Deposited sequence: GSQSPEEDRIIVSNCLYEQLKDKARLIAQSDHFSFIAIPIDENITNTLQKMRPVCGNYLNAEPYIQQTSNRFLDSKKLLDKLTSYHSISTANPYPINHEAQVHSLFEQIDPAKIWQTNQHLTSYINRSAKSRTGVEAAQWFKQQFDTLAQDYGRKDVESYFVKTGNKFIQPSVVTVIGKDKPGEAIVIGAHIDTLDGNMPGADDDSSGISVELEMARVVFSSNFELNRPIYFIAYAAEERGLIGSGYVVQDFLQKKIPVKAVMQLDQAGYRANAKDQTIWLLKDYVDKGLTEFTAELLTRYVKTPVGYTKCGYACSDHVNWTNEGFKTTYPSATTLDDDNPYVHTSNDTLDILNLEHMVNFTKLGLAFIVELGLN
């Protein structure tokens, strides 16, 4: 019934009267509040000022408050401590670039954005997840790759939309590489074109290029579609917990959230996030952009519980997050009916696909 979530004190003061305060710090509150869509609307409306929220359930799973060290939980999920990469595979990286099929990218966006919404509560939201899984399965069957796996990861008992985890090279030795994007959107009429149809499309193309590649990787590569990112990042919460339980070792994580909108349609700058990411992995991404994508490299900052990468870094995994926009010249249309297909820049997505593939090759073959 009640959600337990972590919010900025800013957001708390807007929710006080409907919430139970469990623990509090100078900047954040750990609360219990039954999220109805009245409260959903408050969360959405205060998000630019007060930041996003983190659903704690994947970290504490129904454990009673009496048994929780609430303050340690609150401190460790609102702070982070920081934790060299070779680039020596130019021939392979260019081979993969030459196989990028921009039309196939665009087609994916057309499909996801044709749904009325992809909400974690709705039937269409469930279809989108099932669709994604089947796109992977089909691709692996089409290129006769047995070397693979795909499964749903339940979004607890709160949301019917599951996450989808896929992997190429299940039997490869070593720490894996993870690529992720979130499949979901808000309720109502939400094409969610830039708000991660884009990210999803980019990684789907990355997967397909990898299947059609002439060389194998020396590590497993995961491609993930997170459920319910628009619900306090709870989908990737469960996914990270699933990786922890299965003891899957992971060397690097890329988050693709909004990979398709340009503020100025011939800007071509790609922005890297500098908080809640690995600085080492981020400098690496910067040099891939300069060396291979030949793009200007910008930097930006994010609010609290910005996106799924946060669940990885909270659990000690190294994380990088390339983004379409800076925090000041934004996508003004995200979370509205106007996050439409026609807002997407295909050159921009192609560049994120390039970045992703260089990432996969230079880590995948060390």
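Student: Missing C-alpha stretches, by deposited numbering?
Tutor: Missing CA coords at 1-5, 89-92.
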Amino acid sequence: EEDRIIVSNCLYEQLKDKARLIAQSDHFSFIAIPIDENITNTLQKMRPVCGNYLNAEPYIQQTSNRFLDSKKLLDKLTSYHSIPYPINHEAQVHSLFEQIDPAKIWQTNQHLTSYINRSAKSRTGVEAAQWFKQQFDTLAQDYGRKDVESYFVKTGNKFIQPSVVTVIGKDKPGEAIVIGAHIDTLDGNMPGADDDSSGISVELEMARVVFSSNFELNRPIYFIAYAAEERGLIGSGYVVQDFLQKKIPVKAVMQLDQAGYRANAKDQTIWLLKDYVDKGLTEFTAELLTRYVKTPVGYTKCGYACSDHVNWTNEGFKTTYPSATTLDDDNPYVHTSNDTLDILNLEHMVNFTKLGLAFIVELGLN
From here on, numbers count along this sequence of modelled residues.
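Student: Would 319-327 or 49-57 have the larger average of its C-alpha temperature factors, as given in the entry?
Tutor: Comparing averages over the C-alpha atoms only gives 319-327.
Student: According to the deposited model, is the average Cα temperature factor higher in 199-207 or in 212-220?
Tutor: 212-220 has the higher mean C-alpha B-factor.
Student: Hey, out of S79, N157, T166, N109, whose CA B-factor is highest in the deposited coordinates?
Tutor: Top of the list by C-alpha B-factor: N157.
Student: Report the option among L357, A23, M349, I343 whose CA atom has the maximum B-factor in the deposited record.
Tutor: Checking the PDB record, the top C-alpha B-factor among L357, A23, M349, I343 is at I343.
Student: State the tercile, meaning the lowest, middle or highest third, of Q44 with respect to the CA B-factors recorded for its chain.
Tutor: Answer is middle: the recorded C-alpha B-factor places it there.
Student: Split into thirds by Cα B-factor across the chain's modelled residues, where does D147 land: lowest, middle or highest?
Tutor: It belongs to the highest third of the chain when residues are ordered by C-alpha B-factor.
Student: Compared with the other modelled residues in the chain, in which third is the CA B-factor of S95?
Tutor: According to the entry, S95 has a C-alpha B-factor in the chain's middle third.
Student: Could you tell me which third, lowest, middle or highest, the C-alpha B-factor of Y85 occupies within its chain?
Tutor: As the PDB entry reports it, the C-alpha B-factor of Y85 lands in the highest third of its chain.
Student: For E230, return the chain-relative third of its C-alpha B-factor as stated in the PDB record: lowest, middle or highest.
Tutor: Lowest third, going by the recorded CA B-factors of the chain.
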